[PDB]
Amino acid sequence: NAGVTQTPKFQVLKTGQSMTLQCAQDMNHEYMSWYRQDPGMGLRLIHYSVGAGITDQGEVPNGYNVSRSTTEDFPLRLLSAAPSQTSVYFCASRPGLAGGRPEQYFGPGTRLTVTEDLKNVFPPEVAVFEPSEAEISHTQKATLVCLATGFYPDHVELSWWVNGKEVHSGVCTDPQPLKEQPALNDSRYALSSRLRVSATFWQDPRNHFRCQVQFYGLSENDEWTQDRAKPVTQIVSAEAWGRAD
């Protein structure tokens, strides 16, 4: 009932820290692989394993170790993080030629950002902006905008909730964050989203709208010697009620 699972979904590392990416496979598949994908080159095999007790090198094995002591688990290990290990890592599996088919099943990915200095981490500020009354009167529709600003790394999930239930219809979120400072390497990020409903739905004052941003940050007792609050993994949200206008 699980399939391919990867833990953690997101991670920041300071350069030089080690980490282990877990990969677990429910379906008793013999063959497991690890890939990285970078915003330029598609998927590149790192290591693979045809069976428990057996691992082999992909085309970019360097800087990574792998182990396969059991059939279920294929953890990927980064001995000493370097910035160029910033990427999305996918674990994939397939029955493995005793089970026939060539279809590869992919985990949901683990986003990894390697930075020089953990003082670079900042949770998002999150705000909701209520619909224009001009839009309402010319279009009979009503767009709310959500703005999440000043976060680093760009490890967020933004969701819209109406009357307590997550919606997807009437929504778009920028696929890419804007860098607040484009020429800067550990620049903070801004994201926007819109939710559009009918004017009539927005004009009901018992309707509740919430933009929610789950940020992934510092966690399992990293040290924090600073003035501001530890930028931990947290949800930051903003909300508004309908307005009879």
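Residue numbers run from 1 along the displayed sequence.
**Q** Determine, for stretches 227 to 235 and 5 to 13, which one has the higher mean CA B-factor as deposited.
**A** It is 227 to 235.
**Q** Looking only at CA atoms, which has the higher mean B factor in the entry: 93 to 101 or 146 to 154?
**A** The recorded data point to 93 to 101.
**Q** Looking at 192, 37, 207, 69, which has the highest Cα B-factor in the entry?
**A** Within the set 192, 37, 207, 69, 69 shows the top C-alpha B-factor.
**Q** Comparing recorded Cα B-factors across 172, 118, 162, 88, which one is largest?
**A** Of the candidates given, the C-alpha B-factor peaks at 118.
**Q** Within this chain's modelled residues, let me know which third the CA B factor of residue 214 belongs to: lowest, middle or highest.
**A** Bottom third by C-alpha B-factor.
**Q** Residue 27: which third of its chain by C-alpha temperature factor?
**A** It falls in the top third of the chain.
**Q** Please rank the C-alpha B-factors of the chain's modelled residues and tell me whether residue 113 sits in the lowest, middle or highest third.
**A** Middle third.
**Q** Rank-wise, by C-alpha B-factor, drop residue 184 into the lowest, middle or highest third of its chain.
**A** It falls in the top third of the chain.
**Q** By the recorded C-alpha temperature factor, relative to the other modelled residues in its chain, which third is residue 198 in?
**A** CA B-factor rank for residue 198: lowest third.
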